[PDB]
Amino acid sequence: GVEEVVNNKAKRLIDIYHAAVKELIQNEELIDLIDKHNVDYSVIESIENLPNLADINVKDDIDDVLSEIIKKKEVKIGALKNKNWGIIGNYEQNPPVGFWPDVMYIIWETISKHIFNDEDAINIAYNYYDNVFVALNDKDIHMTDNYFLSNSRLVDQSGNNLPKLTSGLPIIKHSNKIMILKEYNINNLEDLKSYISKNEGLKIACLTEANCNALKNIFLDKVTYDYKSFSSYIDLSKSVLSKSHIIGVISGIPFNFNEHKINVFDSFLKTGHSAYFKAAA
């Protein structure tokens, strides 16, 4: 009569990781970093149930991933290569710069101050791959970067699922805004739902797949979703103004169109970001 649980070698790594984020939210560092880079992200809303960093075992007695990190004073993080989103995160150079790299740095600086007694105790080693989830399942890395979507396809290059990979909390989110013509008298998600429920054959324009997904959760097959046809705000906007798509879904607004013609409201339908780990051998 035994509870035979999987040996998650990343369990303590995930917990101290979550505990650090909790501390970074308590000490205002994470939100300070968001303000410093002037990026439009929100931190995880509830931290009550997250582990307290002070409690977490930092001993290297456990036969797990964290003990390896501790002995070498180094963690290997995986990120997509040749990515450069400017201030949001530039990975064309190693070590990378920008918000998302800075997020990973302060997390491990915080972890270092608990396992050890200095922010620089543990070195961050970034490795770049085309498929990071393959490298993760192959133990080339201990972690993915935090910027990865919470809804990511955990698949190999063949396109088949990787069942041993797990995810941390969506510690950081960004919201999805909805732009629409004022003439429809719709300025909230509720009025939009009513309209979509009354009408058929409508189509939704999105700048990214994640934008359309946030709304797909709400509307299902009541509408068609187009995100491939748009590569910029100007493209997306042209389509809404041309009246071909009832709304445009987008995470940001570079500049404003006429107040009296266009409406933009925050649906508060969020897109989460999380790190991924290897939860089983």
# chains A, B, ... in the order shown; residues from 1 in each chain; ligands from 1
call {"tool": "residues_around", "arguments": {"residues": "stretch 239-255 of chain A", "least_positions_apart": "3", "cutoff": "6 Å", "atoms": "only C-alpha atoms", "output": "PDB file with N, CA, C and O atoms, in the first residue's frame"}}
result
ATOM      1  N   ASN A 176      -4.821  41.696 -23.669  1.00  0.00           N
ATOM      2  CA  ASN A 176      -5.204  41.802 -25.071  1.00  0.00           C
ATOM      3  C   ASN A 176      -6.264  42.878 -25.268  1.00  0.00           C
ATOM      4  O   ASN A 176      -7.372  42.776 -24.742  1.00  0.00           O
ATOM      5  N   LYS A 177      -5.913  43.915 -26.021  1.00  0.00           N
ATOM      6  CA  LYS A 177      -6.834  45.010 -26.278  1.00  0.00           C
ATOM      7  C   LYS A 177      -7.657  44.729 -27.529  1.00  0.00           C
ATOM      8  O   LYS A 177      -7.232  43.983 -28.412  1.00  0.00           O
ATOM      9  N   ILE A 178      -8.845  45.318 -27.581  1.00  0.00           N
ATOM     10  CA  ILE A 178      -9.758  45.128 -28.700  1.00  0.00           C
ATOM     11  C   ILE A 178     -10.074  46.480 -29.318  1.00  0.00           C
ATOM     12  O   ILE A 178     -10.638  47.348 -28.654  1.00  0.00           O
ATOM     13  N   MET A 179      -9.700  46.663 -30.581  1.00  0.00           N
ATOM     14  CA  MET A 179     -10.060  47.884 -31.285  1.00  0.00           C
ATOM     15  C   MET A 179     -11.232  47.625 -32.225  1.00  0.00           C
ATOM     16  O   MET A 179     -11.303  46.591 -32.894  1.00  0.00           O
ATOM     17  N   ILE A 180     -12.161  48.575 -32.249  1.00  0.00           N
ATOM     18  CA  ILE A 180     -13.415  48.425 -32.971  1.00  0.00           C
ATOM     19  C   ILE A 180     -13.951  49.797 -33.371  1.00  0.00           C
ATOM     20  O   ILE A 180     -13.657  50.800 -32.720  1.00  0.00           O
ATOM     21  N   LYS A 203     -15.673  38.001 -38.695  1.00  0.00           N
ATOM     22  CA  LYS A 203     -14.278  37.571 -38.715  1.00  0.00           C
ATOM     23  C   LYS A 203     -13.441  38.501 -37.844  1.00  0.00           C
ATOM     24  O   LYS A 203     -13.683  39.707 -37.802  1.00  0.00           O
ATOM     25  N   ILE A 204     -12.456  37.932 -37.150  1.00  0.00           N
ATOM     26  CA  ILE A 204     -11.637  38.685 -36.205  1.00  0.00           C
ATOM     27  C   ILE A 204     -10.190  38.758 -36.677  1.00  0.00           C
ATOM     28  O   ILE A 204      -9.586  37.743 -37.027  1.00  0.00           O
ATOM     29  N   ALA A 205      -9.645  39.973 -36.684  1.00  0.00           N
ATOM     30  CA  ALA A 205      -8.253  40.196 -37.059  1.00  0.00           C
ATOM     31  C   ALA A 205      -7.367  40.244 -35.820  1.00  0.00           C
ATOM     32  O   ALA A 205      -7.732  40.840 -34.807  1.00  0.00           O
ATOM     33  N   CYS A 206      -6.198  39.616 -35.912  1.00  0.00           N
ATOM     34  CA  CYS A 206      -5.250  39.572 -34.804  1.00  0.00           C
ATOM     35  C   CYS A 206      -3.818  39.733 -35.309  1.00  0.00           C
ATOM     36  O   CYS A 206      -3.485  39.285 -36.402  1.00  0.00           O
ATOM     37  N   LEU A 207      -2.973  40.374 -34.511  1.00  0.00           N
ATOM     38  CA  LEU A 207      -1.589  40.599 -34.908  1.00  0.00           C
ATOM     39  C   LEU A 207      -0.748  39.357 -34.635  1.00  0.00           C
ATOM     40  O   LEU A 207       0.233  39.096 -35.330  1.00  0.00           O
ATOM     41  N   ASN A 211      -3.133  36.542 -29.612  1.00  0.00           N
ATOM     42  CA  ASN A 211      -4.219  37.517 -29.543  1.00  0.00           C
ATOM     43  C   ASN A 211      -5.564  36.862 -29.843  1.00  0.00           C
ATOM     44  O   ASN A 211      -6.526  37.029 -29.092  1.00  0.00           O
ATOM     45  N   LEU A 236      -3.162  45.640 -39.326  1.00  0.00           N
ATOM     46  CA  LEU A 236      -4.293  45.254 -38.493  1.00  0.00           C
ATOM     47  C   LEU A 236      -5.362  46.347 -38.523  1.00  0.00           C
ATOM     48  O   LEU A 236      -6.539  46.072 -38.757  1.00  0.00           O
TER      49      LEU A 236
END
call {"tool": "residues_around", "arguments": {"residues": "stretch 259-269 of chain A", "least_positions_apart": "2", "cutoff": "8 Å", "atoms": "only C-alpha atoms", "output": "list in words"}}
result
residues 175, 176, 177, 178, 179, 180, 181, 182, 183, 187, 188, 189, 214, 215, 256, 257 and 271 of chain A
call {"tool": "select_by_dssp", "arguments": {"residues": "stretch 116-257 of chain A", "states": "strand (DSSP E or B)", "output": "number ranges by chain"}}
result
A: 123-129, 143-144, 149, 155, 161, 165-167, 172-181, 203-206, 224-226, 247-250
call {"tool": "select_by_dssp", "arguments": {"residues": "stretch 35-196 of chain A", "states": "alpha helix (DSSP H)", "output": "number ranges by chain"}}
result
A: 35-36, 65-72, 99-115, 132-137, 189-196
call {"tool": "closest_residue", "arguments": {"among": "A:102, A:120, A:64, A:235", "to": "residue A:34", "atoms": "only C-alpha atoms"}}
result
A:102
call {"tool": "residues_around", "arguments": {"residues": "residue A:162", "least_positions_apart": "2", "cutoff": "10 Å", "atoms": "only C-alpha atoms", "output": "list in words"}}
result
residues 133, 134, 136, 137, 153, 154, 155, 156, 159, 160, 164, 165, 166 and 278 of chain A
call {"tool": "closest_residue", "arguments": {"among": "A:157, A:114, A:208, A:83", "to": "residue A:131", "atoms": "only C-alpha atoms"}}
result
A:157
call {"tool": "atom_distance", "arguments": {"atom1": "atom CA of residue A:168", "atom2": "atom CA of residue A:66"}}
result
15.2 Å
